[PDB]
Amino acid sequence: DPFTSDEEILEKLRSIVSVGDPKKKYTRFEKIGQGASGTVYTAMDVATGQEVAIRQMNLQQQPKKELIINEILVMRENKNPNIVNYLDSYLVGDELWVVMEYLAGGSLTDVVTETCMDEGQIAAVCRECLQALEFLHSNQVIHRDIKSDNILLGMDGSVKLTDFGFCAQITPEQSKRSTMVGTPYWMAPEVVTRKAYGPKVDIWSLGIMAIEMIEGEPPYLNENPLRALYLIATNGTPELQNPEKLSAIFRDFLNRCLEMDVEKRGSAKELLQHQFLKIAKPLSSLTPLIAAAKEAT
């Protein structure tokens, strides 16, 4: 809850976290980012040598701490092969640390922006994301922020979802959400046109991420977000630049992800059965694109 006190926030985090100081467990500190959500490092588990990613947050400068608690709890209880592994958390005064596996392959955004994926490689990424989405949805978790930025890549071509800061946890009692939380360009039209959306908003975004993999950008990226949202609600299913360049089974897959009618849009479970995913190259096929993008970036 947003009204929960500073001190009740701290007591709850104290109960979640491992005891003591995280330097008691890590060493390779390179800062790899900073900003509103906190500061990110790569580091090394001192004990095991595992490379990790660590976010450090000052709770004093954290506006919405309920969402940080939620994010860790969701990660902890929703472990999956296709979700970046949550390892540990520490609280030292007002300083919160969250430790994750590190994926040395970077973001899918780098890949879509610096290389040109083939349909075999696209099918493999979509499959792996749909594996995480089937698992989430069946556990009543909606990611709500699916986009290339939130897919991370191993050097072996592992595909892992990240950034559950905006996820919703639903129940049969309240199966639908209304909050507009996701990144504009990837938002399903029903997020703006109604006040009741479910898990299939993640399928829509997945479909937008497939357009990224084909074209390099989601539709309307050059638009102000405010215009993009009106455009999604009024254009509906986005149009491809060059649909003739795509295989018939890939075009069918995209149409199933980007169906205007939520009922008719595929669920993650249904789409795991799609024949487009059958042309998937081994995930190792992604390694030259990942290495080429790492190089460019």
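Numbers for residues come from their place in the sequence shown, where the first is 1.
Annotation for 58 to 66 versus 33 to 41: the higher mean temperature factor (C-alpha) is found in 33 to 41. In this entry, 224 to 232 has the higher mean Cα B-factor, the comparison being between 261 to 269 and 224 to 232. Across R127, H137, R194, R144, the greatest Cα temperature factor reported in the deposited entry is at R194. Taking the deposited Cα B-factors for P184, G105, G216, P172, the highest one is held by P172. Residue-level temperature factors show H274 in the lowest third of its chain, judged at the C-alpha atom. In this PDB entry, the Cα temperature factor of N78 sits in the middle third of its chain's modelled residues. In the PDB entry, a CA B factor belonging to the lowest third of its chain's modelled residues is recorded for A248.
Among the modelled residues of the chain, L286 sits in the middle third by CA temperature factor in this PDB entry. The deposited CA B-factor of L254 belongs to the lowest third of values across its chain.
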